[PDB]
Amino acid sequence: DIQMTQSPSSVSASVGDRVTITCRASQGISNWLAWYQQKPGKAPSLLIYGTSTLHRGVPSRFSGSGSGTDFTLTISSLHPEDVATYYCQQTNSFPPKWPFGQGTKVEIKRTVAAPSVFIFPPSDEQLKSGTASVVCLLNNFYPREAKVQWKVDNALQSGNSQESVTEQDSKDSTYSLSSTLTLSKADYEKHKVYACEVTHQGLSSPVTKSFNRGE
Amino acid sequence: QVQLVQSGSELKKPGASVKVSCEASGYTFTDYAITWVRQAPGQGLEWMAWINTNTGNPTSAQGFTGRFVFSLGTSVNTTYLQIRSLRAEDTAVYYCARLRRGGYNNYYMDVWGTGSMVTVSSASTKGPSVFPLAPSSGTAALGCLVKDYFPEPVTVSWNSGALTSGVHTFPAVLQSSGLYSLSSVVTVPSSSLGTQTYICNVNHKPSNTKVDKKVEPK
Amino acid sequence: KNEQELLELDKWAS
């Protein structure tokens, strides 16, 4: 069957860079191709239709070119608000085959920014229910790669924590990360010192945030 | 005011059926066709079908016939999608969009609905527990932990939407319990922590759960 | 205004 091969699957470029995304059709469907933008946590929106025509409101940095089976999307200058995943699509009528491109994830390259680290002890309400969640927050850092190590009374922890990362901010191009250590109340009350060690390129040496129970 | 409004999130057992709606607003519903697009969690877009808002004959891709029924109701300003024999692969967000015809094989969607998330599971709905992430550490951080809920999604706002700058609501995380958990955080002036109140408004429609948790220093 | 009808016509393009 027909299918759209979209490349690159993802791209990282600096602000003001020229970004080019291509979409190849395994067979000729038509000379017309549509480009869609999906921002994080948002529905897709129309960028370009007819291979070149901008939808109203789309900035002129967005360009569309191609014919036959090869089509390209060009972003003149990578704005910070352009963080999104972009999809191509061709639409055949007689057979109902409207394949989408597999998608290209566009992220930005900015100067290194170290994280702000915050540690939150569990609430007394949660402990009253028998569980303890200790949250380690890394705020507004770049690049995404970062190591968060939980240490309880200086014993490295593994298998009892989970991380969650926001998508790149559309204004500062820096991410945020939460690491949550989940323990039972009995295990939580068995130790005094709880800390998370953050290692990141923007930090000259590893950073440790800790707390002792009680206050 | 030109928008498409879709029904809410749904939880359905395998083998059951779900019917999601899409109502046209700000424009003539029967002037343009309506198409449907699917997106599995973490996956790309997959076109499903388009329906003639005048006649009602759908046009679907091979994998979306018979089990999927696109229909138009007595209402002039709604089209509907129904999945029967809901299977695990049907768990996804289903988008409604207005279909445009730039020419032969020059079809494009200019207006998109907000999407309807459908989860397929025999489990029952469970509302989250909301706990404070109290500020303790020239700025301060605080938040709300929304824990042990099912299915997606949860929406979190601060001060009834009045607080947006500095807000980070992290993606939901799936726990070993099969329940979701997420945290919403906001950075605020460290000197305002004793004079300005901060409330997070967590809403979970599938369980009809609404919570307002005030976050203050211990 | 009559854009939908053209869509069904495009299918008979054989």
# chains A, B, ... in the order shown; residues from 1 in each chain; ligands from 1
$ select_by_dssp --residues "segment 74-205 of chain B" --states "strand (DSSP E or B)" --output "PyMOL selection string"
chain B and resi 78-83+92-101+107-112+116-120+126+129-133+139-150+155-158+163+167-169+173-174+180-189+198-204
$ closest_atom_pairs --of "chain C" --to "chain A" --cutoff "12 Å" --atoms "only C-alpha atoms" --output "tab-separated table"
residue	atom	partner	partner_atom	distance
C:6	CA	A:93	CA	10.9
C:7	CA	A:93	CA	7.8
C:8	CA	A:93	CA	8.5
C:9	CA	A:93	CA	9.3
C:10	CA	A:93	CA	6.2
C:11	CA	A:94	CA	4.2
C:12	CA	A:94	CA	6.7
C:13	CA	A:94	CA	7.0
C:14	CA	A:94	CA	7.9
$ write_last_selection --atoms "C-alpha atoms" --output "PDB file, in the first residue's frame"
ATOM      1  CA  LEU C   6     -17.023  18.001  -5.632  1.00  0.00           C
ATOM      2  CA  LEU C   7     -15.465  15.562  -3.143  1.00  0.00           C
ATOM      3  CA  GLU C   8     -17.870  12.785  -4.128  1.00  0.00           C
ATOM      4  CA  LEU C   9     -17.236  13.626  -7.792  1.00  0.00           C
ATOM      5  CA  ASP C  10     -13.465  13.223  -7.388  1.00  0.00           C
ATOM      6  CA  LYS C  11     -14.033   9.546  -6.550  1.00  0.00           C
ATOM      7  CA  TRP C  12     -15.487   8.829 -10.009  1.00  0.00           C
ATOM      8  CA  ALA C  13     -12.247  10.049 -11.657  1.00  0.00           C
ATOM      9  CA  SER C  14     -11.316   6.791 -13.373  1.00  0.00           C
TER      10      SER C  14
END
$ interface_residues --of "chain A" --to "chain B" --cutoff "9 Å" --atoms "only C-alpha atoms" --output "PDB file with C-alpha atoms, in the first residue's frame"
ATOM      1  CA  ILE A  29      -0.652  10.342  -5.318  1.00  0.00           C
ATOM      2  CA  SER A  30      -0.896  13.953  -6.497  1.00  0.00           C
ATOM      3  CA  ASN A  31       1.158  17.132  -6.743  1.00  0.00           C
ATOM      4  CA  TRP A  32      -0.639  18.483  -3.640  1.00  0.00           C
ATOM      5  CA  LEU A  33       0.550  17.994  -0.053  1.00  0.00           C
ATOM      6  CA  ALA A  34      -0.498  19.449   3.312  1.00  0.00           C
ATOM      7  CA  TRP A  35       1.667  20.219   6.354  1.00  0.00           C
ATOM      8  CA  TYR A  36       0.353  20.189   9.928  1.00  0.00           C
ATOM      9  CA  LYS A  42      -2.514  20.533  21.694  1.00  0.00           C
ATOM     10  CA  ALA A  43      -4.491  19.511  18.637  1.00  0.00           C
ATOM     11  CA  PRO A  44      -2.895  19.668  15.176  1.00  0.00           C
ATOM     12  CA  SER A  45      -3.269  22.847  13.141  1.00  0.00           C
ATOM     13  CA  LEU A  46      -2.931  23.509   9.426  1.00  0.00           C
ATOM     14  CA  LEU A  47       0.366  25.040   8.321  1.00  0.00           C
ATOM     15  CA  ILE A  48       0.354  24.619   4.533  1.00  0.00           C
ATOM     16  CA  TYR A  49      -2.015  23.164   1.944  1.00  0.00           C
ATOM     17  CA  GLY A  50      -1.508  22.721  -1.773  1.00  0.00           C
ATOM     18  CA  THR A  51       2.229  22.173  -1.187  1.00  0.00           C
ATOM     19  CA  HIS A  55      -2.978  28.922   5.919  1.00  0.00           C
ATOM     20  CA  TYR A  87       3.222  16.007   9.864  1.00  0.00           C
ATOM     21  CA  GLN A  89      -0.238  14.200   4.348  1.00  0.00           C
ATOM     22  CA  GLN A  90      -1.406  13.422   0.819  1.00  0.00           C
ATOM     23  CA  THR A  91      -5.037  12.571   0.068  1.00  0.00           C
ATOM     24  CA  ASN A  92      -6.132  10.148  -2.660  1.00  0.00           C
ATOM     25  CA  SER A  93      -9.865  10.166  -3.369  1.00  0.00           C
ATOM     26  CA  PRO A  95      -9.068   4.661  -3.229  1.00  0.00           C
ATOM     27  CA  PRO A  96      -9.476   6.202   0.263  1.00  0.00           C
ATOM     28  CA  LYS A  97      -5.749   6.300   1.096  1.00  0.00           C
ATOM     29  CA  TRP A  98      -4.670   9.457   2.960  1.00  0.00           C
ATOM     30  CA  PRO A  99      -1.305   8.484   4.495  1.00  0.00           C
ATOM     31  CA  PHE A 100       0.342  10.694   7.101  1.00  0.00           C
ATOM     32  CA  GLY A 101       4.059  11.167   7.456  1.00  0.00           C
ATOM     33  CA  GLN A 102       5.499   9.490  10.529  1.00  0.00           C
ATOM     34  CA  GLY A 103       6.283  12.926  11.985  1.00  0.00           C
ATOM     35  CA  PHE A 118      13.740  21.795  44.854  1.00  0.00           C
ATOM     36  CA  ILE A 119      12.839  18.883  47.133  1.00  0.00           C
ATOM     37  CA  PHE A 120       9.350  18.461  48.608  1.00  0.00           C
ATOM     38  CA  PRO A 121       8.699  16.148  51.585  1.00  0.00           C
ATOM     39  CA  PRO A 122       5.423  14.209  51.605  1.00  0.00           C
ATOM     40  CA  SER A 123       2.367  15.890  53.050  1.00  0.00           C
ATOM     41  CA  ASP A 124       0.989  14.717  56.377  1.00  0.00           C
ATOM     42  CA  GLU A 125      -2.322  14.032  54.620  1.00  0.00           C
ATOM     43  CA  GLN A 126      -0.671  11.500  52.306  1.00  0.00           C
ATOM     44  CA  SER A 133       5.891  10.568  47.918  1.00  0.00           C
ATOM     45  CA  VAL A 135       9.397  14.895  44.867  1.00  0.00           C
ATOM     46  CA  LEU A 137      12.100  19.164  40.995  1.00  0.00           C
ATOM     47  CA  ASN A 139      13.257  23.662  36.948  1.00  0.00           C
ATOM     48  CA  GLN A 162       9.832   7.829  38.442  1.00  0.00           C
ATOM     49  CA  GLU A 163      10.718  10.848  36.314  1.00  0.00           C
ATOM     50  CA  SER A 164       8.467  13.115  34.252  1.00  0.00           C
ATOM     51  CA  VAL A 165       9.672  15.724  31.751  1.00  0.00           C
ATOM     52  CA  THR A 166       7.771  18.611  30.220  1.00  0.00           C
ATOM     53  CA  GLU A 167       8.178  19.424  26.560  1.00  0.00           C
ATOM     54  CA  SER A 176      11.475  20.870  33.620  1.00  0.00           C
ATOM     55  CA  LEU A 177      11.671  17.501  35.344  1.00  0.00           C
ATOM     56  CA  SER A 178      10.022  15.927  38.381  1.00  0.00           C
ATOM     57  CA  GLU A 215      11.208  20.176  59.767  1.00  0.00           C
TER      58      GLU A 215
END
$ residues_around --residues "residue 206 of chain A" --least-positions-apart "4" --cutoff "10 Å" --atoms "only C-alpha atoms" --output "list in words"
residues 147, 148, 197, 198, 199, 200, 201 and 202 of chain A
$ interface_residues --of "chain C" --to "chain B" --cutoff "7 Å" --atoms "only C-alpha atoms" --output "list in words"
residues 1, 3, 4 and 10 of chain C
$ write_last_selection --atoms "N, CA and C atoms" --output "PDB file, in the first residue's frame"
ATOM      1  N   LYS C   1     -19.241  27.240  -1.275  1.00  0.00           N
ATOM      2  CA  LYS C   1     -20.511  26.897  -0.645  1.00  0.00           C
ATOM      3  C   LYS C   1     -20.942  25.483  -1.033  1.00  0.00           C
ATOM      4  N   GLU C   3     -18.880  23.014  -1.926  1.00  0.00           N
ATOM      5  CA  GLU C   3     -17.601  22.317  -2.004  1.00  0.00           C
ATOM      6  C   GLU C   3     -17.719  20.816  -1.758  1.00  0.00           C
ATOM      7  N   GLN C   4     -18.657  20.386  -0.909  1.00  0.00           N
ATOM      8  CA  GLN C   4     -18.755  18.965  -0.581  1.00  0.00           C
ATOM      9  C   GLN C   4     -19.032  18.111  -1.809  1.00  0.00           C
ATOM     10  N   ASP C  10     -14.862  13.591  -7.185  1.00  0.00           N
ATOM     11  CA  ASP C  10     -13.465  13.223  -7.388  1.00  0.00           C
ATOM     12  C   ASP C  10     -13.261  11.716  -7.332  1.00  0.00           C
TER      13      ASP C  10
END
$ atom_distance --atom1 "atom CA of residue 6 of chain A" --atom2 "atom CA of residue 86 of chain A"
9.6 Å
$ select_by_dssp --residues "chain C" --states "helix (DSSP H, G or I)" --output "short mmCIF file (atom, residue, chain, number, x, y, z; two decimals) with C-alpha atoms, in the first residue's frame"
data_model
loop_
_atom_site.label_atom_id
_atom_site.label_comp_id
_atom_site.auth_asym_id
_atom_site.auth_seq_id
_atom_site.Cartn_x
_atom_site.Cartn_y
_atom_site.Cartn_z
CA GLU C 3 -17.60 22.32 -2.00
CA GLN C 4 -18.75 18.97 -0.58
CA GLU C 5 -20.35 17.73 -3.80
CA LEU C 6 -17.02 18.00 -5.63
CA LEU C 7 -15.47 15.56 -3.14
CA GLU C 8 -17.87 12.79 -4.13
CA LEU C 9 -17.24 13.63 -7.79
CA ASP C 10 -13.46 13.22 -7.39
CA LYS C 11 -14.03 9.55 -6.55
#
$ atom_distance --atom1 "atom CA of residue 77 of chain A" --atom2 "atom CA of residue 19 of chain A"
7.5 Å
$ atom_distance --atom1 "atom CA of residue 207 of chain B" --atom2 "atom CA of residue 88 of chain B"
20.7 Å
$ residues_around --residues "residue 27 of chain A" --least-positions-apart "2" --cutoff "8 Å" --atoms "only C-alpha atoms" --output "PDB file with C-alpha atoms, in the first residue's frame"
ATOM      1  CA  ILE A   2       0.917   3.784  -0.187  1.00  0.00           C
ATOM      2  CA  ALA A  25       5.611   9.313  -1.227  1.00  0.00           C
ATOM      3  CA  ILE A  29      -0.652  10.342  -5.318  1.00  0.00           C
ATOM      4  CA  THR A  69       6.516  12.313  -4.751  1.00  0.00           C
TER       5      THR A  69
END
